[PDB]
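Notes for the one structure printed next.
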Ligand SMILES: [Ca+2]
Ligand SMILES: [Zn+2]
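In the UniProt record's numbering, the protein residues as written are 7 to 537.
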């Protein structure tokens, strides 16, 4: 029996909520460390087994003792409560850097020399290509184009939406080149640079991934992983998502890195040329390649994103002829990594009105609003106020949640101002930081119940009780898709289908594209912005 709360903290100007399992209202108090009450109220029912207490009106920063029944919790209120965790979430990307020295003065215990420095062989050939840099994808050391595109897009969108919040954090600054770009762009450039090396100069197509044939032991340090690197074949999905990300990067970097901006624009155009001359073939692992497939049978949303990205990059109305029929399809409007249509919708909506059809544009805005309404109804039913149903708690459920919060916030940039947007964002953070049935903070290195045993090779290699901080784990997954989950979590409700165990890859791994929406959402919460 405990209090469930945001274990990282609460914003002075933000909503403040705790949860408890109870069957009737109870008085609660918030007190100073000496013990004197500064706030008091009554809990109220929200369904399932749950009651909530609202202490939003407490505006004075500090560490308070929350008392309800015979239970106590320590809660922090601060002007920028999430600054440290946002910084850690962004530093994760630098911790994932491949082929670059990470010095101890930046990386502490996890400092290491440049890893995976060898040339990658193109599958089914004797040709070798240098594809250095960028990020290890997850708990493994593969670098995969499709999910990379999402992580880049999310960081770029965070820079575009919340630059002031991001300005207050510091990545591994000394590992990046001077002059230093704004934090999100400094970090994202490393991945963008690597992506550019994955494009085949002859055809404009993009290799699906570069990995070793198989996964090394969970125990393996990055610099000790010396198996041969293989470039898996060019794929439609990789080429299209590369196109979209590069087109996005072209726009965003224009005033910061003109050479990169220009390089990305032309790379995007060459990638789109490839799309036009090739079939929408889903990617499957070649024989002898057992690493992450990142497959996907539906590719029209990738074409949609690429098309809309180039529409916005160029501002040329000719692109709307291709975009608008794709926007009419009943594709899910989601934020990846496989279902990427909402990135395209956003690029379309963020293009000057003059370049697109007014009729189509209003239909797209209207669909977006209806989608958000649906998510808002979900959140209203849920005891923790998050836009989730039991069946949404799948592999990477934390990302499912964060993408949904992100959609609310993105919409505010294109004239769709849903009244639940900022409540949803706060509840998503609350949930991520311990306001859930397990009382689990789903980020390593933070909260009172942090993640301690992530499925992450650098963490497992160094200290299995003390992992790299700032890593957002996948979260509860009702499908029990690893040995540990099957054995330990059968019969538990959806939100309880998580275990902090290094072998539980289906509930407790990490990913660049799980940190990326988290950076966006937490940055939004820091940029406190009503009248
Ligand atoms: Ca797709
Ligand atoms: Zn590496």
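Cβ atoms here follow ideal geometry from the backbone N, Cα and C, with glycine treated the same way.
Name the two residues that bound the continuous alpha helix (DSSP H) containing residue i.
i           : result
residue 320 : 306 to 320
residue 266 : 264 to 282
residue 199 : 189 to 203
residue 528 : 518 to 532
residue 247 : 242 to 259
residue 217 : Here residue 217 belongs to no alpha helix (DSSP H); instead the beta strand (DSSP E) covers 215 to 217.
residue 374 : 364 to 387
residue 331 : 326 to 334
residue 221 : Careful: residue 221 lies outside any alpha helix (DSSP H) and carries neither H nor E.
residue 399 : Looking at the DSSP string, residue 399 is not in any alpha helix (DSSP H), and its letter there is neither H nor E.
residue 511 : 511 to 514
residue 103 : Neither: residue 103 is in no alpha helix (DSSP H) and is coded neither H nor E.
residue 351 : 347 to 355
residue 169 : 169 to 173
I'd like to confirm something about residue i: is its beta-carbon nearer than 7 Å to some heavy atom of ligand 1, or not?
i           : result
residue 299 : no
residue 406 : no
residue 308 : yes
residue 304 : yes
residue 271 : no
residue 351 : no
residue 344 : yes
Whose CA, out of the options, lies closest to the CA of residue i?
i           : options               : result
residue 486 : 501, 477, 512 and 506 : 512
residue 48  : 313, 445 and 75       : 75
residue 384 : 426, 345 and 405      : 426
residue 465 : 161, 145, 503 and 135 : 145
residue 18  : 61, 24, 43 and 52     : 61
residue 65  : 315, 21, 423 and 148  : 21
residue 87  : 489, 495 and 432      : 432
residue 499 : 41, 442 and 58        : 442
residue 220 : 438, 148 and 344      : 148
residue 438 : 107, 418, 206 and 504 : 504
residue 419 : 109, 26, 535 and 11   : 535
residue 139 : 364, 108, 386 and 258 : 108
residue 241 : 288, 417, 307 and 40  : 288
residue 70  : 90, 42 and 232        : 42
residue 156 : 96, 251, 80 and 237   : 251
residue 307 : 346, 328, 281 and 286 : 346
residue 28  : 133, 324 and 59       : 59
residue 112 : 493, 129 and 94       : 94
residue 530 : 494, 415, 152 and 393 : 415
Under the criterion of a Cβ to heavy atom distance below 7 Å, does residue i qualify as lining ligand 2?
i           : result
residue 249 : no
residue 228 : yes
residue 101 : no
residue 105 : yes
residue 137 : no
residue 121 : yes
residue 147 : yes
residue 186 : no
residue 462 : no
residue 118 : no
residue 459 : no
residue 142 : yes
At what residues does the beta strand (DSSP E) containing residue i begin and finish?
i           : result
residue 432 : Counting along the chain, residue 432 falls outside any beta strand (DSSP E), though it belongs to the alpha helix (DSSP H) covering 427 to 438.
residue 64  : Where residue 64 is concerned, there is no enclosing beta strand (DSSP E), given that its DSSP letter is neither H nor E.
residue 237 : 235 to 237
I want to see whether chain C comes within less than 8 Å of residue i, judged by CB atoms only; does it?
i           : result
residue 428 : The question asks about chain C, but that chain is absent: this structure has only one protein chain.
**Report entry** 3 or more residues per run - each beta strand (DSSP E) lying fully within the region 447 to 506
**Finding:** none
Report task. Assess, as a yes-or-no matter, whether the region 449 to 463 is touched by the region 474 to 492 under the definition of 3 or more beta carbon pairs within less than 8 Å. Result -> yes
Query - Length at least 4, wholly inside the region 123 to 156: the alpha helix (DSSP H) runs in chain order - result: none
Query - Complete runs of the beta strand (DSSP E) confined to the UniProt domain "Cellulase Ig-like" (7 to 77) [at least 3 residues] - result: 23 to 27, 33 to 37, 43 to 48, 50 to 53, 56 to 60 and 68 to 74
Query raised in the report: Are at least three pairs of beta-carbons, each pair with one atom in the region 207 to 215 and one in the region 188 to 197, less than 8 Å apart?
Result: no
Query raised in the report: Is there contact here, the region 69 to 86 with the region 25 to 34, by at least three beta-carbon pairs under 8 Å?
Result: yes
Query - Inter-stretch contact at 8 Å, needing at least 3 Cβ pairs: the region 288 to 304 / the region 260 to 277 - result: no
Requested in this report: Say whether the region 114 to 129 touches the region 221 to 240, bearing in mind that this needs 3 or more beta-carbon pairs closer than 8 Å, one atom from each stretch.
Outcome: yes
Query raised in the report: Do the region 286 to 297 and the region 329 to 339 touch if we need at least three Cβ pairs shorter than 8 Å?
Result: no
Report task. State whether the region 347 to 363 contacts the region 300 to 315, with contact taken as three or more CB pairs (one from each stretch) at a distance under 8 Å. Result -> yes
Report task. Assess, as a yes-or-no matter, whether the region 390 to 408 is touched by the region 513 to 532 under the definition of 3 or more beta carbon pairs within less than 8 Å. Result -> yes
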